[PDB]
Protein chains: 2
Amino acid sequence: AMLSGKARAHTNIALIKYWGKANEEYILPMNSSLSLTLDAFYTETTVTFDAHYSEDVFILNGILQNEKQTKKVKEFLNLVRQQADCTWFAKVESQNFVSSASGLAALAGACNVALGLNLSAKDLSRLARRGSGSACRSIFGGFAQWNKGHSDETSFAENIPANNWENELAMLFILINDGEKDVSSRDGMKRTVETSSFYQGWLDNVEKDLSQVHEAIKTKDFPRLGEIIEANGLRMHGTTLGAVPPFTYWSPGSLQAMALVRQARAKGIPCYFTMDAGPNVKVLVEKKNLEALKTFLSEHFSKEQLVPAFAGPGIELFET
Amino acid sequence: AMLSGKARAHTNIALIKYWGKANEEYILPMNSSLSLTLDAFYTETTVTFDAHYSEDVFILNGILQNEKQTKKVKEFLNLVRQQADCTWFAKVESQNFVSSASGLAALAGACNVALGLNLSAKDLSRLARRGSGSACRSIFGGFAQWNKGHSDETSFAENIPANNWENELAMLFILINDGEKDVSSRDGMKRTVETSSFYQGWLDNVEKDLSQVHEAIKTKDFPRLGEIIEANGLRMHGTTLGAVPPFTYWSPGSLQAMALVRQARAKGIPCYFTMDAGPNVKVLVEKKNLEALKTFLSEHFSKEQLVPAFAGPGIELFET
Ligand SMILES: C[C@@](O)(CCOP(=O)(O)OP(=O)(O)O)CC(=O)O
Ligand SMILES: C[C@@](O)(CCOP(=O)(O)OP(=O)(O)O)CC(=O)O
């Protein structure tokens, strides 16, 4: 009485950010979002449901995870079991390769295999969405858009065809180590929706940002793409400074990196930064200028702190 | 054919920020503001109007100032001469003691003396306002409020009686040296008014902040004062991240200092930060905890970077 499955899902970085839920129960977002899936960072997850198990177990990189570390996985296991009318505890074994988007997407894929759900990419995106919003985009490779929809049935992601432009781009991660303890993405976006006087200004600008990203993609206009997404990310972070109590995901090193990206642009290197719910700074750059950018940034960051990535693929399912 | 006058004016730091003009010509503000005038930093200015002068001259700390460095002083000289129907060039000699608010306030006072304008404190505040908005508050000591008014006649500052509470407080300046070239306050607030999607959220919160500062003052409630003004400052800076193009006054060291103030609070030291249009971080603290705070911050900042100030007086006029 054992069912198992495995999947590999790559991380994605949002260029137009998801920030705030319209519906917490179903993870329907207040706004649509758009990301790039990356080759360098992914998660492999195997799930086993077994009648003989006595509790849910979650192992990450060989380390048994505690209740707090397992909360999103546990919530997802419960929702997928409820849907399938499955009454068995589960063991989840995940390995990160170098992580929230990729891990929940991989778990959704692994459960789809184990429980025989036979889901389409659309409906696998919808399932992954229930575990974590950003996870629903990692079902897809390259550029992907999460359409906010208005319901559980209409909120999901899809690949954005780009005439292979994504294969000419790169993201250079600047790994910043000097951060305060940060509000989680789930708690921070909720605080922002509920209390930030800047949130309406965020919402009022998302759709025209998305439209201009699509225009830039159709024309492979890198500076235009970069200007839109850099401003989008800064606007997202601006909202947390208007929350009550206000907060920031930035650390000192984040600001240092952002300032150096501006310097890089001033010295002829077209490149544009974005940040998520933490201090790391991701820099979008054309492949042809990646090495120039890495060398420039090495004047201030160690080679361990500068990790490159190219575009990556959508989810891969495996039978056990 | 020579007329001269002198004044000394102390700097002030806004606790509720002035950010954005309703009328650029007259420097009428979009919102009212509230500051504390400080003892440690001031400017002394002597002005001479003389029929024999061949151009306006501005000397600051013994250094002849160029056209860009003189622009606010030149604009003020022109407006005060036009009002007085004075046709003489002027020499302005200023010394900073340790600077925009204090320098323009001192110049307004010196011109009031030289040209025999015989202004009340209210009308001297109105005059100084035309040179720089923050200068109109340095006419007064202690706590001062700039009431936005609706006209040149109704926009001016006044002292806020506080039953001597201001004499129990201090500001510790953390002097941060790692800053990018920053947009001036005048240009940055204009860009924010004209382009920031967050500016309405700023405006919608100013008056209730002011009201709660007045309530806290009446009760000498330091944590309440501190919470309101820290959030006000962060909200002001949040608006620049929604401007087009977006920008920040923060440097890495600014973030480091803000994080350490939060740490100080966590370790039992009540203290609250605020920033203006630059990277320095000013920390409001009770006098009784100033030395504890300075020692704590010395773990990360040099003793030259930590400069204390207490409450200071209003403008002082001198005959030459
Ligand atoms: C800042 C972001 O990374 C937010 C990611 O939020 P999460 O997907 O972590 O939140 P939940 O839906 O609560 O699981 C921007 C983005 O990825 O779009
Ligand atoms: C951020 C602030 O310091 C803005 C000061 O602005 P200025 O008084 O420098 O601007 P102008 O009126 O154009 O001369 C906040 C404050 O002092 O209230």
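Quick note: structure is the one above.
About the thresholds
- Residues numbered from 1 in each chain as written, not as in the entry; some residues may be left out.
- Chains lettered and ligands numbered in written order.
- Heavy atoms only, no water.
- Helix = DSSP H or I, 4+ residues; strand = E, 2+ residues; numbered from the N terminus.
- Areas by Shrake-Rupley, 256 points an atom, 1.4 Å probe, with all protein chains shown as cover.
- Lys, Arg positive; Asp, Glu negative; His and termini not counted.
- Charge placed at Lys NZ, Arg CZ, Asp CG, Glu CD.
- Buried < 20%, exposed > 50% of the residue type's maximum accessible area, 1.4 Å probe, protein only.
- Arc of directions from axis to C-beta.
- Axes fitted to C-alpha atoms, helices over the stretch in contact; angles between N-to-C directions.
- Parallel < 35°, antiparallel > 145°, perpendicular 65-115°, else oblique.
- Left-handed = near helix turned anticlockwise from the far one by under 90°.
- Contact = heavy atoms within 4.5 Å.
- Nonpolar A, V, L, I, M, F, W, Y, C, P; charged D, E, K, R; others polar.
- 1 Å grid on protein atoms, 1.4 Å probe; cavity = no way out; pocket = protein on both sides within 12 Å on 5 of 7 lines; lining within 4 Å.
- Points joined across faces, edges and corners; volume = space filled by probe spheres on them.
- Expected span 1.5 Å × (residues − 1).
- Bend = angle between axes of the 7 residues up to and from the residue.
- Near = heavy atom within 4 Å.
- Polar contact = N/O pair within 3.5 Å; in protein donor to acceptor, adjacent residues only side chain to side chain.
- Domains from an automatic or database assignment.
- Buried area = accessible area lost by both parts, 1.4 Å probe.
- Salt bridge = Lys/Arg side-chain N within 4 Å of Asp/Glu carboxyl O.
- Least-squares fit on C-alpha atoms.
- Core = buried A, V, L, I, M, F, W, Y, C linked by side-chain atoms within 4.5 Å.
- Pairing = 2+ DSSP bridges.

Asks: Explain the overall build of chain A residue by residue, including any values.
Replies: Secondary structure assignment for chain A yields eight helices and 14 strands. Carbon and sulfur atoms form 50% of the exposed surface of chain A, whose accessible area is close to 13,300 Å². Chain A carries 33 positive and 36 negative side-chain charges, and their two centres are separated by 2 Å.

Asks: So what's going on with helix α4 (residues 185-195) of chain A? Which residues, and what values?
Replies: Among the residues of α4(A), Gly188(A), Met189(A) and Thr192(A) are the ones counted as buried. The arc that holds every buried residue of α4(A), seen down its axis, measures 95°, which confines them to one face.

Asks: Could you give an account of the packing of helix α5 (residues 199-219) of chain B against helix α6 (residues 222-240) of chain B, with specific residues and numbers?
Replies: Residue and element names in this part refer to chain B. Where α5 meets α6, the axes come as close as 10 Å, and the angle between the chain directions of the two elements is 165°. Considered as vectors, α5 and α6 are oriented roughly antiparallel to each other. Crossing angle aside, the handedness with which α5 passes α6 is left-handed. Two secondary-structure elements touch here, α5 through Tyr199, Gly201, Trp202, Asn205, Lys208, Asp209, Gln212, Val213, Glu215 and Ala216 and α6 through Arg224, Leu225, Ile228, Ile229, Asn232, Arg235, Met236 and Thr239. Residues belonging to the contact of α5 with α6 are distributed by class as follows: eight nonpolar, five polar and five charged.

Asks: Could you give an account of the side chain of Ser32(B), with specific residues and numbers?
Replies: By secondary structure assignment, the location of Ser32(B) is in the loop between β3 (28-29) and β4 (33-50). Ignoring anything within four residues of it in the chain, the contact list for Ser32(B) reads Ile16(B), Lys17(B), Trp146(B), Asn147(B), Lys148(B), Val206(B), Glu207(B) and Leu210(B).

Asks: Which residues make up empty space enclosed by the protein, and what values do they have?
Replies: The space that makes up the largest cavity amounts to roughly 40 Å³. In this structure, the largest cavity is lined by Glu230(A), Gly233(A), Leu234(A), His237(A), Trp250(A), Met258(A), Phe273(A), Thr274(A) and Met275(A). Top element by residues in the lining of the largest cavity is helix α6 (residues 222-240) of chain A. It accounts for four residues. Classifying every residue of the lining of the largest cavity gives five nonpolar, three polar and one charged. Counted as a void, the second largest cavity has a volume near 30 Å³. Together, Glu230(B), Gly233(B), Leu234(B), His237(B), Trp250(B), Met258(B), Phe273(B), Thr274(B) and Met275(B) line the second largest cavity. Contributions of two or more residues to the lining of the second largest cavity are made by α6 and β11 (271-274) of chain B.

Asks: Could you give an account of helix α5 (residues 199-219) of chain A, naming the residues involved and the relevant values?
Replies: Working note: α-helix, 3.6 residues per turn, so residues spaced by three or four point in the same direction. Residue and element names in this part refer to chain A. Along its 21 residues, α5 runs 31 Å from first to last C-alpha, staying within 8% of the 30 Å computed at 1.5 Å per residue. Maximum bend of α5: about 30°, positioned at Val206. Where α5 is concerned, the buried positions are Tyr199, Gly201, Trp202, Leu203, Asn205, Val206, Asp209, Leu210, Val213, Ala216 and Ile217. The elements touched by buried residues of α5 are β1 (2-16), β4 (33-50), β8 (143-147), α4 and α6. Where α5 terminates, the next one or two residues include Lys220, which has phi positive at roughly 50°.

Asks: Any chance you could break down the site of ligand 1 for me, citing the residues and the numbers?
Replies: All names here are of chain A. Around ligand 1 sit 16 residues in total, of which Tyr18, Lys21, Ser134, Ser185 and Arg186 are the nearest. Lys21 is positioned with one of its side-chain polar atoms (N or O) 2.7 Å from an oxygen atom of ligand 1. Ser185 places a polar side-chain atom, nitrogen or oxygen, 2.6 Å from an oxygen atom of ligand 1. Surface burial for ligand 1 is 95%, taken as the share of its 460 Å² of free accessible area covered by protein chains. Ranked by residues supplied to the shell around ligand 1, first place goes to α4 with three residues. Classifying every residue of the shell around ligand 1 gives six nonpolar, four polar and six charged. Taken domain by domain, the shell around ligand 1 gets at least three of its residues from each of domain 1 (1-174) and domain 2 (175-320).

Asks: Please set out the interface of chain B and chain A residue by residue, giving values where relevant.
Replies: Counting residues at the interface gives 21 residues for chain B, matched by 21 residues for chain A. Taken together, the two surfaces of chain B and chain A that pack against each other cover about 1,800 Å², and 75% of this comes from carbon and sulfur. For the pair chain B and chain A, the number of links is two salt bridges. Across the pair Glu180(B) and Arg262(A) runs a salt bridge whose closest N-O atoms are separated by 2.9 Å.

Asks: Outline the relation of the copies chain B and chain A, supporting the account with residue identities and numerical values.
Replies: Between chain B and chain A, the superposition needs a rotation of 180° and an axial shift of 0.0 Å, giving an RMSD of 0.0 Å. The symmetry that links the two subunits is that of a two-fold axis. Proximity to the rotation axis, assessed at the C-alpha, singles out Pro252(B) in chain B; its C-alpha lies 2.0 Å from the axis. A shared binding surface is used by both copies, with 100% of the interface residues of chain B retained as interface residues in chain A.

Asks: How would you summarise the nonpolar core if you had to cite specific residues and measurements?
Replies: Residue and element names in this part refer to chain B. With 73 residues, the main nonpolar core has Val47, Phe49, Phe76, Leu77, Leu107 and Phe143 as its most contacted residues. Of the domains in this structure, domain 1 (1-174) and domain 2 (175-320) are the two that each give at least three residues to this core. Once you skip the residues sitting within four places of it in the chain, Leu77 turns out to touch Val47, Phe49, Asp56, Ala90, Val92, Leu107 and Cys111.

Asks: Requested: an account of the pattern of salt bridges, with residues and values cited.
Replies: All names here are of chain A. For the structure on display, the rule yields 40 salt bridges over all chains. Put simply, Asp56 and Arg81 hold a salt bridge, and the shortest N to O gap is 2.8 Å. In this pair, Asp56 sits in the loop between β4 and β5 (57-60) while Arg81 sits in helix α1 (residues 71-84), placing the two residues 25 residues apart along the sequence. By relative accessible area, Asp56 is classed as buried at 16%.

Asks: So what's going on with the environment of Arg137(B)? Which residues, and what values?
Replies: Residue and element names in this part refer to chain B. As for its position among the elements, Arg137 is in the loop between α3 (121-131) and β8 (143-147). When sequence neighbours within four positions are dropped, the list of residues in contact with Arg137 reads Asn12, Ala14, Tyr18, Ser33, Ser35, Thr37, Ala144, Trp146 and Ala157. There is a polar contact of 3.0 Å between the side chain of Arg137 and the side chain of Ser33.

Asks: Tell me about the sheet that holds strand β13 (residues 306-310) of chain A, and please be specific about residues and values.
Replies: Residue and element names in this part refer to chain A. In spatial order, the strands read β11-β12-β10-β13; together these four strands make up an open sheet with antiparallel pairing. In this open sheet, the two strands that pair with only one neighbour each are β11 (271-274) and β13. Each strand of the sheet is rotated relative to its neighbour by a mean of 25°, with strand direction disregarded. By the bridge criterion, five bridges tie strand β10 (residues 169-174) to β13 in an arrangement that is antiparallel. The residue bridging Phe173 from the neighbouring strand is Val307, located in β13. Along the sheet, α6 makes contact with β10, β11 and β12 (281-286), crossing β11 at roughly 25°. The sheet contacts of helix α7 (residues 252-266) involve β10, β11 and β12, and relative to β11 the element is tilted by about 160°.

Asks: A description of unusual backbone geometry should follow, citing residues and the corresponding values.
Replies: All names here are of chain A. For the peptide bond that leads from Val244 to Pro245, omega is -5°, which places it in the cis range. One can find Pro245 in the loop between α6 and α7. In this structure, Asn118 is a non-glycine residue whose phi angle is positive, near 55°. Looking at the element boundaries, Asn118 is found in the loop between α2 (100-114) and α3 (121-131).

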